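S.K.: I'd like to ask some things about the structure below.
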Amino acid sequence: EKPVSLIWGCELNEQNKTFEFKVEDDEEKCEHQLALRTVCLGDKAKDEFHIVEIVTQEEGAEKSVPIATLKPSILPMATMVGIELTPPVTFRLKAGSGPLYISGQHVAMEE
Amino acid sequence: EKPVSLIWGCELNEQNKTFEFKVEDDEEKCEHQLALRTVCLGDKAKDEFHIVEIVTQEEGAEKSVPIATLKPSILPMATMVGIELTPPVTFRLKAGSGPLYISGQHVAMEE
Amino acid sequence: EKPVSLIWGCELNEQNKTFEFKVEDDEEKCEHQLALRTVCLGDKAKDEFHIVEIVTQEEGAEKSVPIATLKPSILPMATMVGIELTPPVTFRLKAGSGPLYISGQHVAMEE
Amino acid sequence: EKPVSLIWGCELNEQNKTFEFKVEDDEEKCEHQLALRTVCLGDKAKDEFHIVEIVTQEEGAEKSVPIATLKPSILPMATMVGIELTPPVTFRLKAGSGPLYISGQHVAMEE
Amino acid sequence: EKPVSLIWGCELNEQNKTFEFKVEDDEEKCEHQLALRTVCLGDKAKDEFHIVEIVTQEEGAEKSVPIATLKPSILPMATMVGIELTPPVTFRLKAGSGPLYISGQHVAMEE
């Protein structure tokens, strides 16, 4: 169980409104985290309040976990600090259409 | 007394200007916190300085505890960092009408 | 000497350009602090760079201690982090006219 | 192996879209870091979302590591906090044309 | 060698483009620091990207050490965190004309 700070980036767009921060099955048993850093914008981003949420469970119920909200007219960027995500965790777009570049650091363990 | 980091979100709008971050009575005896993260906006938000306050007591007097202030024209979002709220705690809107999406992390203990 | 985290708010306006964060004389002997959090705006705030300063002494000389600066046209809010004020400490408005809502946390000791 | 906090600055422009934060070969064996601080803009900066990325490897694949994004119309500056870069590391401009002044602190060891 | 947290402020303007954070000769032998906090603006500030740099030496060469950059049109204020300056250290204005109010905390030792 040795550390690697493998940086990570993903895209939430119209045809990728839902995405998964995922670790392979043989590696899920180890301590894996995601230090979330920053979100940028693409060309097709709608000029409205794009909202990025975390999707996990609620004791058997569906849940959206608010993470970020932006709009290129006044807020092209948002600063979220202090979130460590343990895979698997779903990214979802509550509002807007994307694309949004979500960048963080996959802290992974490898044998 | 085991930890759960149950994420949480609430809505402060015209008919919900006052809301309560509350833990059930059988669970109040344990160490419960609320890591406050972020606030977003809804459709009916008035374009003025919405102000979100904490309501607790003042040695027998009513109190508003300033937490956030925003306005979608120039400040659609506000970044509040370092606030842990122990339930029960009231959310109140000092100015504006809402809606405002208040998101944080209910750190709860369960037996 | 037991702690209380008594939250606090004050108003710096035209007729209250100078204000005092003060602890009663029987309680000055204890460790008292002020975790400064946030500043909001009132109705009569002039649309120019309001500046909030701390007033203490300079080995026998008067001093203004820069703390915050804002203007509702582009900066309705300012984020000051890391300031603990030991009472008595004066709030002064170097520029502008107010009103400004200064909110923080009086960490007080009581017997 | 003694520390020096040698401050550092570089320019990413049209003819310098790729740059290298590099330490000399005789000094690579020591613990070298780069506390990244701030990015400013030049005269020829295009008024669009300039994006600065880190270039390293992906287990044999090319990678861009999102670091900053700005645009002088609304975001002339970006605040990136918490990044320590161990040389050699490539700076690349994913979008835009520059120039961009990237400033940080080369924490270097010398014999 | 006893501590004093003597707060400090200085002005970088057209006729004061260069300034010195200095400690008296009889006191230079002690551990002296400057926790840099904040920069505000004056009346004669040009509406362009004012840049504040630190001036020290480069193994016999002149150096400018980027610290802050602002412009009252979109960035009337800049938030620089984590800089402790040991006197003597020169403040210089790389771009712009000032005035700029630089405020921090001279952590000084006195016998």
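We label chains A, B, ... in the order they appear in the structure tokens, count residues from 1 in each chain, and number ligands from 1 in the order shown.
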May I have chain C as a compact mmCIF listing (two decimals) with N, CA, C and O atoms, in the first residue's frame, after a least-squares superposition on chain B that uses all C-alpha atoms paired in order?
M.R.:
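In the end it all went to out14.txt:
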# COMPACT_ATOMS: atom_id res chain seq x y z
N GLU C 1 -21.67 5.34 19.70
CA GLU C 1 -21.45 6.66 19.13
C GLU C 1 -20.48 6.59 17.95
O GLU C 1 -19.28 6.77 18.11
N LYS C 2 -21.03 6.31 16.77
CA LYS C 2 -20.22 6.19 15.56
C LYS C 2 -20.49 7.36 14.63
O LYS C 2 -21.61 7.87 14.59
N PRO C 3 -19.48 7.83 13.89
CA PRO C 3 -19.68 9.00 13.03
C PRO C 3 -20.37 8.66 11.72
O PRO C 3 -20.17 7.59 11.14
N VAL C 4 -21.18 9.61 11.24
CA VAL C 4 -21.65 9.65 9.86
C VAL C 4 -21.52 11.09 9.38
O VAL C 4 -21.88 12.03 10.11
N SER C 5 -20.98 11.27 8.18
CA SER C 5 -20.86 12.60 7.57
C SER C 5 -22.01 12.80 6.59
O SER C 5 -21.83 12.85 5.37
N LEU C 6 -23.21 12.93 7.15
CA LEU C 6 -24.41 13.04 6.33
C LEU C 6 -24.51 14.45 5.77
O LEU C 6 -24.69 15.41 6.52
N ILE C 7 -24.35 14.59 4.46
CA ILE C 7 -24.39 15.92 3.86
C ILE C 7 -25.81 16.45 3.97
O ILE C 7 -26.77 15.68 4.15
N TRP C 8 -25.97 17.77 3.87
CA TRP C 8 -27.24 18.41 4.18
C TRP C 8 -27.45 19.65 3.31
O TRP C 8 -26.50 20.37 2.98
N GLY C 9 -28.71 19.90 2.97
CA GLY C 9 -29.08 21.08 2.22
C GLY C 9 -30.47 21.53 2.62
O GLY C 9 -31.34 20.73 2.96
N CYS C 10 -30.67 22.85 2.55
CA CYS C 10 -31.94 23.44 2.96
C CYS C 10 -32.23 24.65 2.09
O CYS C 10 -31.36 25.17 1.38
N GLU C 11 -33.48 25.11 2.16
CA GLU C 11 -33.99 26.18 1.30
C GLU C 11 -34.60 27.27 2.16
O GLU C 11 -35.53 27.01 2.93
N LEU C 12 -34.09 28.50 2.02
CA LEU C 12 -34.67 29.66 2.68
C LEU C 12 -35.33 30.56 1.64
O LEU C 12 -34.65 31.31 0.93
N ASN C 13 -36.66 30.51 1.57
CA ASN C 13 -37.42 31.24 0.56
C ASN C 13 -38.45 32.12 1.26
O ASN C 13 -38.42 32.30 2.48
N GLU C 14 -39.36 32.69 0.46
CA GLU C 14 -40.35 33.63 0.99
C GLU C 14 -41.23 32.99 2.06
O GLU C 14 -41.41 33.57 3.14
N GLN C 15 -41.78 31.81 1.78
CA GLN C 15 -42.57 31.09 2.77
C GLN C 15 -41.73 30.21 3.69
O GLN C 15 -42.29 29.54 4.56
N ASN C 16 -40.41 30.18 3.51
CA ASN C 16 -39.52 29.48 4.42
C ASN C 16 -38.37 30.39 4.84
O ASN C 16 -37.20 29.98 4.81
N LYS C 17 -38.69 31.63 5.22
CA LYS C 17 -37.66 32.56 5.68
C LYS C 17 -36.93 32.05 6.92
O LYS C 17 -35.74 32.34 7.09
N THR C 18 -37.62 31.31 7.78
CA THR C 18 -37.01 30.70 8.95
C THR C 18 -37.02 29.19 8.80
O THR C 18 -38.03 28.58 8.42
N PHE C 19 -35.88 28.58 9.10
CA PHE C 19 -35.74 27.13 9.01
C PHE C 19 -34.91 26.67 10.20
O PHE C 19 -34.29 27.48 10.88
N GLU C 20 -34.92 25.37 10.47
CA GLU C 20 -34.21 24.83 11.62
C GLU C 20 -33.30 23.69 11.21
O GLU C 20 -33.75 22.70 10.62
N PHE C 21 -32.01 23.84 11.51
CA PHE C 21 -31.07 22.73 11.49
C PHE C 21 -31.23 21.96 12.80
O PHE C 21 -30.81 22.44 13.86
N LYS C 22 -31.85 20.79 12.72
CA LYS C 22 -32.34 20.08 13.89
C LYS C 22 -31.90 18.62 13.85
O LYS C 22 -31.81 18.01 12.78
N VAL C 23 -31.62 18.08 15.03
CA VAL C 23 -31.34 16.66 15.22
C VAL C 23 -32.42 16.09 16.12
O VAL C 23 -32.91 16.77 17.03
N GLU C 24 -32.81 14.84 15.86
CA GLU C 24 -33.90 14.22 16.62
C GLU C 24 -33.53 14.11 18.09
O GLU C 24 -32.36 14.03 18.47
N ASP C 25 -34.57 14.09 18.94
CA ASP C 25 -34.38 14.19 20.38
C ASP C 25 -33.54 13.05 20.93
O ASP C 25 -32.70 13.26 21.81
N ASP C 26 -33.75 11.83 20.43
CA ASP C 26 -32.97 10.69 20.90
C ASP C 26 -31.51 10.78 20.49
O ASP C 26 -30.69 10.00 20.99
N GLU C 27 -31.16 11.70 19.60
CA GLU C 27 -29.80 11.84 19.11
C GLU C 27 -29.15 13.16 19.50
O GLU C 27 -27.98 13.39 19.15
N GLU C 28 -29.86 14.03 20.22
CA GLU C 28 -29.29 15.32 20.60
C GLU C 28 -28.16 15.18 21.61
O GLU C 28 -27.29 16.06 21.70
N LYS C 29 -28.14 14.09 22.38
CA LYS C 29 -27.16 13.94 23.45
C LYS C 29 -25.74 13.77 22.92
O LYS C 29 -24.78 13.92 23.68
N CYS C 30 -25.59 13.45 21.64
CA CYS C 30 -24.29 13.16 21.06
C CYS C 30 -23.68 14.41 20.41
O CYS C 30 -24.35 15.43 20.24
N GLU C 31 -22.40 14.30 20.06
CA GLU C 31 -21.67 15.41 19.46
C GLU C 31 -22.08 15.57 17.99
O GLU C 31 -21.69 14.79 17.12
N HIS C 32 -22.87 16.60 17.73
CA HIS C 32 -23.38 16.85 16.39
C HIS C 32 -22.91 18.22 15.91
O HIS C 32 -22.97 19.21 16.64
N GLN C 33 -22.45 18.27 14.66
CA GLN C 33 -21.92 19.51 14.10
C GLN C 33 -22.46 19.70 12.69
O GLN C 33 -23.05 18.80 12.10
N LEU C 34 -22.23 20.90 12.15
CA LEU C 34 -22.60 21.23 10.79
C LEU C 34 -21.49 22.06 10.17
O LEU C 34 -21.39 23.27 10.43
N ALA C 35 -20.65 21.42 9.37
CA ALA C 35 -19.63 22.14 8.61
C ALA C 35 -20.29 22.86 7.45
O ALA C 35 -20.66 22.24 6.45
N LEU C 36 -20.46 24.17 7.59
CA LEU C 36 -21.14 24.97 6.58
C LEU C 36 -20.23 25.22 5.39
O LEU C 36 -19.06 25.58 5.54
N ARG C 37 -20.77 25.00 4.19
CA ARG C 37 -19.94 24.97 2.99
C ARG C 37 -20.25 26.10 2.01
O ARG C 37 -19.34 26.82 1.60
N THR C 38 -21.51 26.24 1.58
CA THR C 38 -21.82 27.00 0.37
C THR C 38 -23.30 27.38 0.35
O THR C 38 -24.13 26.74 0.99
N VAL C 39 -23.61 28.46 -0.38
CA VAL C 39 -24.99 28.89 -0.62
C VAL C 39 -25.15 29.23 -2.10
O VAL C 39 -24.33 29.96 -2.67
N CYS C 40 -26.23 28.72 -2.71
CA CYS C 40 -26.60 28.98 -4.10
C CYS C 40 -27.95 29.70 -4.13
O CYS C 40 -28.58 29.92 -3.09
N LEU C 41 -28.42 30.00 -5.33
CA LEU C 41 -29.63 30.80 -5.52
C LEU C 41 -30.68 30.08 -6.35
O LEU C 41 -30.37 29.24 -7.20
N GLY C 42 -31.95 30.44 -6.11
CA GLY C 42 -33.06 29.92 -6.87
C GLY C 42 -33.59 30.90 -7.90
O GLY C 42 -32.98 31.92 -8.21
N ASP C 43 -34.77 30.57 -8.44
CA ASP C 43 -35.36 31.39 -9.49
C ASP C 43 -36.00 32.67 -8.95
O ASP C 43 -35.88 33.73 -9.57
N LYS C 44 -36.67 32.59 -7.80
CA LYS C 44 -37.40 33.73 -7.25
C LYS C 44 -36.54 34.64 -6.39
O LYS C 44 -37.08 35.49 -5.67
N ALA C 45 -35.22 34.49 -6.43
CA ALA C 45 -34.34 35.30 -5.61
C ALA C 45 -34.39 36.76 -6.04
O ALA C 45 -34.18 37.08 -7.22
N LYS C 46 -34.67 37.64 -5.09
CA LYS C 46 -34.66 39.07 -5.37
C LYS C 46 -33.23 39.56 -5.56
O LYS C 46 -32.31 39.13 -4.87
N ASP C 47 -33.06 40.47 -6.52
CA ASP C 47 -31.73 40.98 -6.86
C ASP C 47 -31.33 42.08 -5.88
O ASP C 47 -31.13 43.25 -6.24
N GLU C 48 -31.22 41.70 -4.61
CA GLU C 48 -30.74 42.59 -3.57
C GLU C 48 -29.93 41.76 -2.58
O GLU C 48 -29.80 40.54 -2.71
N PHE C 49 -29.38 42.44 -1.58
CA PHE C 49 -28.46 41.81 -0.63
C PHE C 49 -29.23 40.91 0.33
O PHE C 49 -29.66 41.30 1.41
N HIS C 50 -29.43 39.66 -0.10
CA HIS C 50 -29.91 38.61 0.78
C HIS C 50 -28.89 38.36 1.88
O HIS C 50 -27.70 38.23 1.62
N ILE C 51 -29.37 38.30 3.13
CA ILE C 51 -28.51 38.08 4.28
C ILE C 51 -29.04 36.90 5.08
O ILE C 51 -30.20 36.90 5.49
N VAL C 52 -28.17 35.92 5.32
CA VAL C 52 -28.50 34.72 6.09
C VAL C 52 -27.83 34.83 7.45
O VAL C 52 -26.62 35.04 7.55
N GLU C 53 -28.64 34.66 8.51
CA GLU C 53 -28.21 34.77 9.89
C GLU C 53 -28.53 33.49 10.66
O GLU C 53 -29.44 32.74 10.30
N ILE C 54 -27.77 33.28 11.73
CA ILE C 54 -28.02 32.22 12.70
C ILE C 54 -28.84 32.81 13.83
O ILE C 54 -28.58 33.94 14.28
N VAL C 55 -29.85 32.07 14.28
CA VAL C 55 -30.68 32.47 15.41
C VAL C 55 -30.44 31.50 16.55
O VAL C 55 -30.65 30.28 16.41
N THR C 56 -29.95 32.04 17.67
CA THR C 56 -29.83 31.40 18.98
C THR C 56 -30.25 32.43 20.02
O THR C 56 -30.94 33.41 19.70
N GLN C 57 -29.84 32.23 21.27
CA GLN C 57 -30.26 33.09 22.37
C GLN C 57 -29.14 34.01 22.83
O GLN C 57 -27.96 33.76 22.56
N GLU C 58 -29.53 35.08 23.52
CA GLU C 58 -28.61 36.03 24.15
C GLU C 58 -29.01 36.17 25.61
O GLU C 58 -29.73 37.10 25.97
N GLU C 59 -28.52 35.25 26.45
CA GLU C 59 -28.78 35.24 27.90
C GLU C 59 -30.22 35.64 28.22
O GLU C 59 -30.50 36.31 29.21
N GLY C 60 -31.16 35.20 27.37
CA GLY C 60 -32.55 35.57 27.48
C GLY C 60 -33.03 36.56 26.44
O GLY C 60 -34.18 37.00 26.52
N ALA C 61 -32.20 36.92 25.46
CA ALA C 61 -32.60 37.86 24.42
C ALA C 61 -32.47 37.23 23.04
O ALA C 61 -31.67 36.31 22.82
N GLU C 62 -33.27 37.73 22.10
CA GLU C 62 -33.23 37.25 20.73
C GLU C 62 -31.99 37.80 20.03
O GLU C 62 -31.54 38.91 20.32
N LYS C 63 -31.44 37.02 19.10
CA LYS C 63 -30.19 37.38 18.43
C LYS C 63 -30.20 36.89 16.99
O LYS C 63 -30.68 35.79 16.69
N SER C 64 -29.66 37.72 16.10
CA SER C 64 -29.32 37.29 14.75
C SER C 64 -27.81 37.26 14.59
O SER C 64 -27.11 38.21 14.94
N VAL C 65 -27.31 36.15 14.06
CA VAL C 65 -25.87 35.90 13.96
C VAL C 65 -25.48 35.96 12.49
O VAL C 65 -25.74 35.01 11.73
N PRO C 66 -24.86 37.05 12.04
CA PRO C 66 -24.54 37.19 10.61
C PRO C 66 -23.68 36.05 10.11
O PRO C 66 -22.68 35.67 10.72
N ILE C 67 -24.07 35.48 8.97
CA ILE C 67 -23.37 34.38 8.34
C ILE C 67 -23.01 34.68 6.89
O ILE C 67 -21.85 34.57 6.50
N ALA C 68 -23.99 35.08 6.08
CA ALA C 68 -23.72 35.28 4.67
C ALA C 68 -24.52 36.46 4.15
O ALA C 68 -25.54 36.84 4.72
N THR C 69 -24.04 37.03 3.05
CA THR C 69 -24.72 38.10 2.33
C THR C 69 -24.31 38.06 0.87
O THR C 69 -23.12 37.89 0.57
N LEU C 70 -25.28 38.22 -0.02
CA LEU C 70 -25.05 38.08 -1.45
C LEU C 70 -26.08 38.89 -2.22
O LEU C 70 -27.03 39.42 -1.64
N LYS C 71 -25.87 39.02 -3.53
CA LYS C 71 -26.88 39.57 -4.43
C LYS C 71 -26.53 39.17 -5.86
O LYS C 71 -25.40 39.39 -6.32
N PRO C 72 -27.48 38.57 -6.58
CA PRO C 72 -27.14 37.91 -7.85
C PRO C 72 -26.57 38.84 -8.91
O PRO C 72 -25.94 38.38 -9.87
N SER C 73 -26.79 40.15 -8.76
CA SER C 73 -26.26 41.10 -9.73
C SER C 73 -24.74 41.11 -9.76
O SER C 73 -24.15 41.19 -10.84
N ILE C 74 -24.08 41.06 -8.60
CA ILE C 74 -22.63 41.09 -8.52
C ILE C 74 -22.07 39.96 -7.67
O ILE C 74 -20.95 39.49 -7.91
N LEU C 75 -22.84 39.46 -6.70
CA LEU C 75 -22.42 38.38 -5.81
C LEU C 75 -23.48 37.27 -5.81
O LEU C 75 -24.25 37.15 -4.85
N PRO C 76 -23.54 36.46 -6.87
CA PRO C 76 -24.45 35.30 -6.84
C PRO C 76 -24.06 34.25 -5.80
O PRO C 76 -24.91 33.43 -5.42
N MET C 77 -22.82 34.25 -5.34
CA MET C 77 -22.32 33.25 -4.40
C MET C 77 -21.52 33.94 -3.31
O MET C 77 -20.97 35.02 -3.51
N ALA C 78 -21.47 33.30 -2.14
CA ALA C 78 -20.65 33.75 -1.03
C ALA C 78 -19.91 32.55 -0.44
O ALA C 78 -20.45 31.45 -0.35
N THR C 79 -18.67 32.80 -0.04
CA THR C 79 -17.77 31.78 0.48
C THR C 79 -17.61 31.99 1.98
O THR C 79 -16.86 32.87 2.41
N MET C 80 -18.33 31.20 2.77
CA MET C 80 -18.18 31.20 4.23
C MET C 80 -17.43 29.94 4.66
O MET C 80 -17.77 28.81 4.28
N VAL C 81 -16.37 30.14 5.44
CA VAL C 81 -15.47 29.05 5.82
C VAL C 81 -15.28 29.08 7.33
O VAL C 81 -15.10 30.16 7.92
N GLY C 82 -15.32 27.91 7.95
CA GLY C 82 -14.95 27.76 9.34
C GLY C 82 -16.09 27.75 10.34
O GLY C 82 -15.84 27.97 11.53
N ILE C 83 -17.32 27.48 9.92
CA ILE C 83 -18.47 27.53 10.82
C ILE C 83 -19.00 26.12 11.04
O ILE C 83 -19.44 25.45 10.10
N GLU C 84 -18.97 25.67 12.30
CA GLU C 84 -19.57 24.41 12.70
C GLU C 84 -20.77 24.70 13.59
O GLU C 84 -20.63 25.32 14.65
N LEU C 85 -21.95 24.26 13.15
CA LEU C 85 -23.20 24.55 13.84
C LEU C 85 -23.71 23.31 14.56
O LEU C 85 -23.86 22.24 13.96
N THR C 86 -23.96 23.45 15.86
CA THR C 86 -24.47 22.36 16.68
C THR C 86 -25.99 22.45 16.75
O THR C 86 -26.51 23.45 17.29
N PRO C 87 -26.73 21.47 16.24
CA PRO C 87 -28.19 21.58 16.22
C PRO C 87 -28.76 21.51 17.62
O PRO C 87 -28.16 20.90 18.52
N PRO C 88 -29.94 22.10 17.86
CA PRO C 88 -30.77 22.88 16.91
C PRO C 88 -30.29 24.32 16.74
O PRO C 88 -29.92 24.98 17.71
N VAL C 89 -30.29 24.83 15.51
CA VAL C 89 -29.88 26.20 15.21
C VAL C 89 -30.79 26.73 14.10
O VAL C 89 -31.05 26.02 13.13
N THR C 90 -31.26 27.97 14.25
CA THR C 90 -32.22 28.49 13.29
C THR C 90 -31.51 29.28 12.19
O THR C 90 -30.59 30.05 12.46
N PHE C 91 -31.92 29.05 10.94
CA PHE C 91 -31.56 29.91 9.82
C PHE C 91 -32.64 30.96 9.62
O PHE C 91 -33.83 30.64 9.58
N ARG C 92 -32.22 32.21 9.47
CA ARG C 92 -33.16 33.31 9.24
C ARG C 92 -32.63 34.18 8.11
O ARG C 92 -31.42 34.26 7.89
N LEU C 93 -33.55 34.82 7.39
CA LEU C 93 -33.20 35.78 6.35
C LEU C 93 -33.45 37.19 6.86
O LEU C 93 -34.60 37.63 6.99
N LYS C 94 -32.37 37.91 7.16
CA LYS C 94 -32.50 39.28 7.65
C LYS C 94 -32.98 40.22 6.55
O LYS C 94 -33.84 41.08 6.79
N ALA C 95 -32.44 40.08 5.35
CA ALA C 95 -32.83 40.91 4.22
C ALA C 95 -33.05 40.02 3.00
O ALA C 95 -32.49 38.93 2.90
N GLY C 96 -33.88 40.51 2.08
CA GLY C 96 -34.21 39.74 0.91
C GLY C 96 -35.43 38.87 1.12
O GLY C 96 -36.16 38.98 2.11
N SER C 97 -35.66 37.97 0.16
CA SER C 97 -36.82 37.09 0.19
C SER C 97 -36.51 35.64 -0.16
O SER C 97 -37.39 34.79 0.04
N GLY C 98 -35.32 35.32 -0.65
CA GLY C 98 -35.01 33.97 -1.06
C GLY C 98 -35.56 33.67 -2.44
O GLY C 98 -36.10 34.55 -3.11
N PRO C 99 -35.47 32.41 -2.88
CA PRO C 99 -34.90 31.24 -2.19
C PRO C 99 -33.38 31.21 -2.16
O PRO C 99 -32.72 31.73 -3.06
N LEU C 100 -32.80 30.58 -1.14
CA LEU C 100 -31.36 30.38 -1.05
C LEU C 100 -31.11 28.93 -0.64
O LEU C 100 -31.71 28.44 0.32
N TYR C 101 -30.23 28.26 -1.38
CA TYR C 101 -29.85 26.88 -1.11
C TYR C 101 -28.62 26.89 -0.21
O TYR C 101 -27.53 27.26 -0.63
N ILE C 102 -28.81 26.49 1.05
CA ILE C 102 -27.72 26.43 2.02
C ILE C 102 -27.27 24.98 2.14
O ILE C 102 -28.06 24.11 2.52
N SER C 103 -26.00 24.73 1.82
CA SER C 103 -25.45 23.38 1.81
C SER C 103 -24.27 23.27 2.77
O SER C 103 -23.39 24.13 2.82
N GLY C 104 -24.27 22.17 3.52
CA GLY C 104 -23.20 21.88 4.45
C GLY C 104 -23.14 20.40 4.75
O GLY C 104 -23.74 19.58 4.05
N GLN C 105 -22.43 20.05 5.82
CA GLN C 105 -22.24 18.65 6.20
C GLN C 105 -22.65 18.46 7.65
O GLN C 105 -21.97 18.94 8.56
N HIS C 106 -23.78 17.77 7.86
CA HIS C 106 -24.22 17.33 9.17
C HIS C 106 -23.32 16.19 9.63
O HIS C 106 -23.43 15.06 9.14
N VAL C 107 -22.41 16.48 10.56
CA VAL C 107 -21.60 15.46 11.20
C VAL C 107 -22.39 14.93 12.38
O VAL C 107 -22.51 15.60 13.41
N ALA C 108 -22.96 13.73 12.23
CA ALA C 108 -23.88 13.18 13.21
C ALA C 108 -23.29 11.93 13.85
O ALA C 108 -22.48 11.22 13.25
N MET C 109 -23.71 11.67 15.08
CA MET C 109 -23.33 10.45 15.78
C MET C 109 -24.55 9.55 15.87
O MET C 109 -25.65 10.01 16.17
N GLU C 110 -24.36 8.26 15.60
CA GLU C 110 -25.45 7.30 15.76
C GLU C 110 -24.98 6.09 16.55
O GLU C 110 -23.82 5.68 16.48
N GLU C 111 -25.90 5.53 17.33
CA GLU C 111 -25.60 4.40 18.19
C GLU C 111 -25.56 3.10 17.40
O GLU C 111 -26.59 2.48 17.15
S.K.: Going by DSSP on the backbone, which residues of chain D come out as strand (DSSP E or B)? List them as JSON, numbers by chain.
M.R.: {"D": [2, 3, 4, 5, 6, 7, 8, 9, 10, 11, 12, 18, 19, 20, 21, 33, 34, 35, 36, 37, 38, 39, 40, 41, 50, 51, 52, 53, 54, 55, 56, 57, 58, 61, 62, 63, 64, 65, 66, 67, 68, 69, 70, 71, 75, 78, 84, 89, 90, 91, 92, 93, 94, 95, 100, 101, 102, 103, 104, 105, 106, 107, 108, 109, 110]}
S.K.: Just the helix (DSSP H, G or I) stuff from chain D, please, per backbone DSSP, written as a ChimeraX atom specification.
M.R.: /D:14-16,25-27
